[PDB]
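Trainee:
Protein chains: 2
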Amino acid sequence: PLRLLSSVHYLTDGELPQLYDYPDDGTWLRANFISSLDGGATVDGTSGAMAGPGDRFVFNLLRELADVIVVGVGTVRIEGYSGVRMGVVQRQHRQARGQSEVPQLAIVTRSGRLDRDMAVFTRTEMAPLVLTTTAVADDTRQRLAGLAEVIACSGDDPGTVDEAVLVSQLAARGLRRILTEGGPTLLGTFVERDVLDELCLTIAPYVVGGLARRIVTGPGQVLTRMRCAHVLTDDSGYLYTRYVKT
Amino acid sequence: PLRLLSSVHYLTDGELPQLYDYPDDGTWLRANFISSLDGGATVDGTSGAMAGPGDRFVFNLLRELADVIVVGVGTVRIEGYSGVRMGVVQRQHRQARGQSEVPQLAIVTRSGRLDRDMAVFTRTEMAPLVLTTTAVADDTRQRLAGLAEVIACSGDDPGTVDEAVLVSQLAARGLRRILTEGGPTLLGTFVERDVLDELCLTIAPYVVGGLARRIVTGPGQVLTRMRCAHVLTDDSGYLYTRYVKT
Ligand SMILES: NC(=O)c1ccc[n+]([C@@H]2O[C@H](COP(=O)([O-])OP(=O)(O)OC[C@H]3O[C@@H](n4cnc5c(N)ncnc54)[C@H](OP(=O)(O)O)[C@@H]3O)[C@@H](O)[C@H]2O)c1
Ligand SMILES: NC(=O)c1ccc[n+]([C@@H]2O[C@H](COP(=O)([O-])OP(=O)(O)OC[C@H]3O[C@@H](n4cnc5c(N)ncnc54)[C@H](OP(=O)(O)O)[C@@H]3O)[C@@H](O)[C@H]2O)c1
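Going down the list, the sequences are from chains X and S.
UniProt numbering puts the first residue of the first sequence at 13, with every later residue one more than the last.
UniProt numbering puts the first residue of the second sequence at 13, with every later residue one more than the last.
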């Protein structure tokens, strides 16, 4: 029944993208998170502490592959989101694949209460998308004129975001290779709404104790089976897993 | 940097214990938990739903190997703990290793408010240990006379349990191969107190959303590095990991 996993293959620069390729067509919502062994998403309020040697490799790759990075407004402020920096070689590979040189950032907010003075609009090569509700879209649009394209992502209720709508709105703009890196609330809603296609999860070899929240938070409770596509490791005992929805 | 993990070896009946052996001497506190990809310890309030094909294999093995199973009084009630059932072959292998035929159960409680009428004392081959505080030990001892050996596990504060003391009290009684299966509060305190030597964690290939709590709960925040001793898998995409403290 049980099989021992072992390192059978060293990954170099180029086999790595293959492992994390998006499907050749269709919208694909990929999440990339890190957590402790005991499910803590945070250490001292952020994720960067737990980050593996591999983790920044993988984190960067997934960004390189994404058409858009979708992020909750909470993570933007907390993780200090600025523009998606692509290095010269990253830009090259993106252009080679026919994508823009830098992935778009898309910020999800139900409230739309994004300060014009927010950090996220400032140090960036590209104006973010703001994914919000039909209700607040117009005001948000005017308030953020010149700083962000504001997109209504309501489905039926104009006062909330419909996550499948959100996904289709991004697809609608050719941003079908979607990466989300947080936060837990956002991820929680993707999970609740069953629109998460893939979870790339770094499991950091730490226990952090009970204080930390999980990589998903919120009222959602589901039981979505996923298929383990791969587990990578490094010498530091990290697991870089990639699971795709059944 | 990254290595692809793959199934290199089929585990049979007998190589499995080797992977999960306790050190030949010394006290060893091993936890065995299961969680979802997104760190949920529970589904609908229990853990059994997520359980792999492998998971009951491993769960049983770890029990077979343990001198004592330490459990919070919460898990006892919630998971419906009765006596540790060992099958005839399990008993045999335990005797072969010089252990009692059935592992002892040890219930941790600060309050000591264990009903004499509790389920845990009833359907069992062996009287449980009750690990509690110096303060309530005497009353708990009298109240549970005939049903459980009550052991004070205070260190300095007689009103709380000192987890290192708890471990030594079990060692003191020859129960040095310790398995805990919960709950999160208990595990949280083992983690807080840095007495957890090993975490065997089943990662079930599900996301469950934000409602679930983690396999550790409580106020504790630590950053304890662990070494990945092994990752096993099955066809169902479960990971049966074993991490030992650095
Ligand atoms: N371990 C990891 O991998 C990881 C990764 C990322 C973040 N984190 C951590 O998690 C924490 C942040 O948590 P968080 O839950 O507040 O982050 P968040 O999900 O990014 O932010 C929450 C806010 O974003 C908006 N939002 C999220 N989902 C939405 C939805 N479905 N529809 C409309 N708006 C939505 C809402 O904004 P409005 O209030 O404006 O409506 C919501 O209040 C930080 O500590 C961060 O470091 C950890
Ligand atoms: N996914 C998994 O692998 C897994 C495994 C096990 C359990 N669970 C789940 O977790 C839930 C139970 O959570 P829980 O935190 O209440 O379980 P718990 O830790 O077993 O029970 C908590 C209680 O046990 C006692 N306790 C725990 N740690 C103690 C300590 N260091 N010192 C003194 N007493 C201590 C206290 O009893 P007193 O109040 O009497 O002082 C405490 O209130 C259930 O839903 C269960 O299914 C999940």
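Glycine included, each C-beta is placed from N, C-alpha and C at the ideal position.
Give the single residue among X/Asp25, X/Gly51, X/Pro13 whose Cα lies nearest to the Cα of X/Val220.
Mentor: Locating residue 220 of chain X in the first sequence gives position 208, counting from the first residue. If we check each option's Cα against that of X/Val220, X/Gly51 comes out closest.
Trainee: Which first and last residues belong to the alpha helix (DSSP H) in which X/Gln104 is found?
Mentor: Taking the first sequence and counting its residues from 1, one reaches residue 104 of chain X at position 92. Residues 100 to 108.
Trainee: Can you determine whether any heavy atom of ligand 2 sits closer than 6 Å to the C-beta of S/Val220, and answer yes or no?
Mentor: Counting from 1 along the second sequence, the entry for residue 220 of chain S is found at position 208. S/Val220 Cβ: outside cutoff for every heavy atom of ligand 2.
Trainee: Which runs of the beta strand (DSSP E) spanning at least 3 residues fall entirely within the region 40 to 90 of chain X, listed in chain order?
Mentor: Qualifying beta strand (DSSP E) stretches, in chain order: 40 to 48, 80 to 84.
Trainee: Quick one: residues in its chain with C-beta nearer than 8 Å to the C-beta of S/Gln107, no 5 flanking neighbours on either side, listed in chain order?
Mentor: For this step, residue 107 of chain S is matched to residue 95 along the second sequence. Here the set comprises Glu113.
Trainee: I need the DSSP call for X/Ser123, collapsed to helix, strand or coil.
Mentor: Position 111 of the first sequence, counted from the start, is the residue given in the question as residue 123 of chain X. The answer is coil: DSSP assigns X/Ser123 none of H, G, I, E or B.
Trainee: Does S/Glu27 pass the burial test, meaning 16 or more other C-beta atoms within 10 Å, or should it be called exposed?
Mentor: As a position in the second sequence, residue 27 of chain S is number 15, starting the count at 1. Per the 10 Å Cβ criterion, exposed.
Trainee: Consider the C-beta atom of S/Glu91 and the heavy atoms of ligand 2; say whether any pair is separated by less than 6 Å.
Mentor: In the second sequence, residue 91 of chain S corresponds to position 79, counting from 1. Yes, the beta carbon of S/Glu91 sits closer than 6 Å to at least one heavy atom of ligand 2.
Trainee: Considering only residues of the same chain and omitting the five flanking positions on each side of X/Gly249, which have a CB-CB separation below 7 Å?
Mentor: By 1-based counting over the first sequence, the position of residue 249 of chain X is 237. Contacts found: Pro217.
Trainee: What residues of chain X sit near S/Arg106, judged by a beta carbon separation below 9 Å?
Mentor: Along the second sequence, read from residue 1 onward, the residue named residue 106 of chain S stands at position 94. Result: empty, since nearest Cβ-Cβ is about 21 Å, beyond 9 Å.
Trainee: Compute the minimum distance between the beta carbon of X/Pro35 and the heavy atoms of ligand 2, and state whether it is under 6 Å.
Mentor: In the first sequence, counting from the first residue as 1, residue 35 of chain X sits at position 23. Checking every heavy atom of ligand 2 against the Cβ of X/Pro35, none is found closer than 6 Å.
Trainee: For the region 185 to 250 of chain S, which segments carrying the beta strand (DSSP E) assignment without a break, of at least 3 residues, lie completely within its bounds, in sequence order?
Mentor: Runs of the beta strand (DSSP E) inside the region 185 to 250 of chain S: 189 to 194, 210 to 216, 236 to 245.
Trainee: Residues of chain X with CB under 8 Å from S/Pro217, in chain order?
Mentor: Looking up residue 217 of chain S in the second sequence gives position 205. Near S/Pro217 (Cβ distances below 8 Å), the residues of chain X are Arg237, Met238, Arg239, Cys240, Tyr255.
Trainee: Compute the minimum distance between the beta carbon of X/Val85 and the heavy atoms of ligand 1, and state whether it is under 6 Å.
Mentor: Against the first sequence, residue 85 of chain X aligns to sequence position 73. Yes, since a heavy atom of ligand 1 falls inside the 6 Å radius drawn around the Cβ of X/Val85.
Trainee: Is the Cβ of X/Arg68 closer than 7 Å to any Cβ of chain C?
Mentor: Looking at the structure shown, chain C is missing, and the protein chains on hand are X and S.
Trainee: For S/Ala53, verify whether its CB is less than 6 Å away from any heavy atom of ligand 2.
Mentor: Position 41 of the second sequence, counting from 1, holds the residue named residue 53 of chain S. Yes, the Cβ of S/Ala53 comes within 6 Å of a heavy atom of ligand 2.
Trainee: Measuring only from the beta carbon, is S/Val173 closer than 6 Å to any heavy atom that is part of ligand 1?
Mentor: Taking the second sequence and counting its residues from 1, one reaches residue 173 of chain S at position 161. No, ligand 1 has no heavy atom inside 6 Å of this Cβ.
Trainee: At a CB-CB cut-off below 9 Å, which residues of chain S make contact with X/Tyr93?
Mentor: Start at 1 with the first residue of the first sequence, and residue 93 of chain X comes out as number 81. Ordered by position in chain S, no residue passes the 9 Å Cβ test against X/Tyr93, which lies about 21 Å from the chain.
Trainee: Could you compute how far the alpha carbon of S/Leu244 sits from the alpha carbon of X/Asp36?
Mentor: Here residue 244 of chain S refers to the residue found at position 232 of the second sequence. Here residue 36 of chain X refers to the residue found at position 24 of the first sequence. Going by the C-alpha atoms only, they are around 31 Å apart.
Trainee: Rounded to the nearest angstrom, how far is the Cβ of X/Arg42 from that of X/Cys212, given a contact under 8 Å?
Mentor: The sequence position of residue 42 of chain X within the first sequence is 30, counting from 1. The sequence position of residue 212 of chain X within the first sequence is 200, counting from 1. At roughly 6 Å, the Cβ-Cβ gap stays under 8 Å, so X/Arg42 and X/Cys212 are in contact.
Trainee: Quick one: does the C-beta of X/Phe69 sit closer than 6 Å to a heavy atom of ligand 1?
Mentor: Within the first sequence, numbered from 1, the residue matching residue 69 of chain X stands at position 57. No, Cβ of X/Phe69 sits at least 6 Å from all heavy atoms of ligand 1.
Trainee: Taking 6 Å as the cut-off, does the CB of S/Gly249 come closer than this to any heavy atom belonging to ligand 1?
Mentor: On the second sequence, residue 249 of chain S is found 237 positions in, with the first residue counted as 1. No, the beta carbon of S/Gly249 sits no closer than 6 Å to any heavy atom of ligand 1.
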